[PDB]
Engineer: 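Starting off with a structure, shown below.
All heavy atoms count here, side chains included; hydrogens, waters and symmetry mates do not. Here is how names work: the chains are called A, B, and so on, in the same order as the sequence lines, proteins then strands, and each is numbered from 1.
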Amino acid sequence: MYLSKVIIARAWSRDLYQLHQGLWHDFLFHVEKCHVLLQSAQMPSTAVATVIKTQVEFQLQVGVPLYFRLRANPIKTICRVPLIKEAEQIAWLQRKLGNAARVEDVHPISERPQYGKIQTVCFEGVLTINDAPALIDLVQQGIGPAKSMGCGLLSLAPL
RNA sequence: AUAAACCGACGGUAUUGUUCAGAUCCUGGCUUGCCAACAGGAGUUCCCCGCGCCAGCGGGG
């Protein structure tokens, strides 16, 4: 797996839809500022997508505390309507995390809407590793819908 | 097609050389920006799709 720092020329970075194409020329990305973090199965440089820096497969361990950040699209369905309640969001997060890890503490930041509409929510907090390999697959696959719209990328950090 | 008509005012040419504006000079004394305050409310998201008990859950844009 490859962890990267990618810059996508402002000309390209006009709308959300244009974003995944530039990096394509699946994988996972999260917008930092267009500044972007790129998690890819292959090593990532186009004139439309310059690469500042790029390879990692973590050892990890069981029962280990880690900081985490994740943009996601928590929604219901009766159209994919957003989950606005703080309780629903935190419950949503632990659910989709399954048995990979438990949510010790988390702050759900109801991000500003992006453009059909996409209501993103950034979950920040700390986890402890319950199922180590199941956590990796969750990272390498992403979490939630609108995964190509910057959502779904789970970032992890020690303490 | 008129005291009109036709119809040059023309030619040559350094304004030059010299020259401190200069000495003296606090802008200065006085002066709360101050009193009140949950960031909370609100599930619209327009598609394709897969699996349902039809309630709702997923993967691709």
Side-chain angles (χ1 to χ4, degrees), chain A residues 1-2 6-7 9 11 13 15 19-23 25-26 29 31-32 34-38 40-41 43-51 58 68 70-75 77-84 86-94 97-101 103 105-106 108-111 113-116 118-123 125-127 129-140 142-146 148-156:
Chain A
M1 188 180 57
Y2 285 95
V6 174
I7 322 93
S13 333
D15 201 331
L19 282 177
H20 49 60
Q21 299 149 350
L23 334 175
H25 300 125
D26 196 25
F29 74 97
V31 49
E32 314 188 275
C34 176
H35 287 242
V36 118
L37 226 62
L38 186 60
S40 60
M43 183 186 304
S45 326
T46 83
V48 193
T50 131
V51 167
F58 359 70
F68 83 96
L70 170 98
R71 280 202 185 81
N73 182 22
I75 44 91
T77 302
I78 92 116
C79 353
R80 326 237 264 227
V81 299
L83 296 178
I84 61 177
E86 189 177 42
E88 300 173 1
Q89 292 176 341
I90 301 183
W92 182 95
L93 176 62
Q94 182 62 75
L97 268 161
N99 303 331
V103 180
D105 187 49
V106 67
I109 309 170
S110 166
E111 276 177 350
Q114 279 184 304
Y115 282 86
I118 291 296
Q119 234 300 335
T120 155
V121 169
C122 192
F123 296 96
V126 40
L127 302 174
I129 303 169
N130 184 271
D131 203 344
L135 185 61
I136 309 298
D137 302 21
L138 202 53
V139 167
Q140 297 176 348
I143 300 176
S148 57
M149 307 284 91
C151 307
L153 180 55
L154 175 61
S155 305
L156 303 177

Engineer: North or south: where does the sugar of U13(B) fall when you read the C1'-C2'-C3'-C4' torsion?
Structural biologist: south
Engineer: Taking syn as a glycosidic torsion within 90° of 0 and anything else as anti, which one is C47(B)?
Structural biologist: anti
Engineer: Enter syn or anti for the glycosidic conformation of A5(B), syn applying to angles within 90° of 0.
Structural biologist: anti
Engineer: Under the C1'-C2'-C3'-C4' criterion, what is the pucker of the sugar in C53(B): north or south?
Structural biologist: south
Engineer: Please give, in whole Å, the distance from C46(B) P to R80(A) CZ?
Structural biologist: 12 Å
Engineer: So how far is it from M149(A) CE to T120(A) OG1, rounded to the nearest 0.5 Å?
Structural biologist: 12.0 Å
Engineer: Provide the distance between the two P atoms, one in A39(B) and one in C53(B), to the nearest whole Å.
Structural biologist: 48 Å
Engineer: Got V51(A) and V6(A) here, is their nearest side-chain heavy-atom distance under 4.5 Å?
Structural biologist: yes
Engineer: Using whole Å, report how far CD1 of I75(A) lies from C1' of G61(B).
Structural biologist: 14 Å
Engineer: If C1'-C2'-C3'-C4' is positive it's north, if negative it's south, so which is the sugar of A37(B)?
Structural biologist: south
Engineer: Do the six-membered rings of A42(B) and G43(B) pass both checks: centres under 5.5 Å apart and planes under 30 degrees?
Structural biologist: no
Engineer: Tell me whether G29(B) sits syn or anti, counting syn as a glycosidic angle within 90° of 0.
Structural biologist: anti
Engineer: Starting from P on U45(B), measure out to CE on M149(A) and report it in whole angstrom.
Structural biologist: 16 Å
Engineer: Taking atom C1' in both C54(B) and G50(B), compute the distance separating them and give it to the nearest angstrom.
Structural biologist: 16 Å
Engineer: Could you check how far CD1 of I84(A) sits from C1' of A39(B), rounded to whole Å?
Structural biologist: 14 Å
Engineer: Using the P atoms only, state how far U2(B) lies from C6(B), rounded to an integer number of Å.
Structural biologist: 10 Å
Engineer: From the options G61(B), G56(B), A42(B), select the nucleotide whose nearest atom is closest to the side chain of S110(A).
Structural biologist: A42(B)
Engineer: Could you tell me if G28(B) and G29(B) satisfy the stacking criterion of six-membered ring centres under 5.5 Å apart and ring planes within an angle under 30°?
Structural biologist: yes
Engineer: Without decimals, in angstroms, what is the distance between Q89(A) CD and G40(B) P?
Structural biologist: 14 Å
Engineer: With respect to the side chain of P82(A), which nucleotide from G61(B), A42(B), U45(B) is positioned closest?
Structural biologist: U45(B)
Engineer: Taking the sign of the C1'-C2'-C3'-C4' torsion, positive for north and negative for south, which way does the sugar of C7(B) pucker?
Structural biologist: south
Engineer: Side-chain contact, heavy-atom cut-off 4.5 Å: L156(A) with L135(A)?
Structural biologist: yes
Engineer: Applying a cutoff of 5.5 Å on centroid distance plus 30° on plane angle, are these adjacent nucleotides, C53(B) and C54(B), stacked?
Structural biologist: no
Engineer: Give the rounded distance in Å between these two atoms: CG of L83(A) and P of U44(B).
Structural biologist: 12 Å
Engineer: Would you call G33(B) and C34(B) stacked when the test is ring centres under 5.5 Å and planes under 30°?
Structural biologist: yes
Engineer: Working to the nearest 0.5 Å, report the span between CD1 of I143(A) and SG of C151(A).
Structural biologist: 11.5 Å
Engineer: If only side-chain N and O atoms of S148(A) are considered, is one of them under 4.0 Å from the OP1 or OP2 phosphate oxygen of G60(B)?
Structural biologist: no
Engineer: Minimum heavy-atom separation for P145(A) to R80(A), with atom names?
Structural biologist: CB-NH2, 3.6 Å
Engineer: If the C1' atom of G11(B) is compared with that of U15(B), how far apart are they to the nearest Å?
Structural biologist: 23 Å
Engineer: Mind checking the P distance from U13(B) to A21(B)? Whole angstroms is fine.
Structural biologist: 37 Å
Engineer: Based on the glycosidic angle (syn within 90° of 0, else anti), state the conformation of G43(B).
Structural biologist: syn
Engineer: To the nearest Å, how far apart are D137(A) CG and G59(B) P?
Structural biologist: 14 Å
Engineer: For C20(B), does the glycosidic angle fall within 90° of 0 (syn) or outside that (anti)?
Structural biologist: syn
Engineer: Determine if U31(B) and its strand neighbour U32(B) meet both stacking conditions: ring centres closer than 5.5 Å and an interplanar angle below 30°.
Structural biologist: no
Engineer: Check whether any side-chain N or O of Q89(A) sits under 3.5 Å from a backbone N or O of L83(A) as a donor-acceptor pair, and report yes or no.
Structural biologist: yes
Engineer: Could you tell me the separation between the CG atom of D26(A) and the CD atom of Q140(A), rounded to the nearest 0.5 Å?
Structural biologist: 12.5 Å
Engineer: Quick one: look at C1'-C2'-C3'-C4' in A4(B) and give me north (positive) or south (negative).
Structural biologist: north
Engineer: For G56(B) and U44(B), measure between their P atoms and round to the nearest Å.
Structural biologist: 14 Å
Engineer: Take atom CD of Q119(A) and atom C1' of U44(B), then tell me their distance rounded to the nearest Å.
Structural biologist: 12 Å
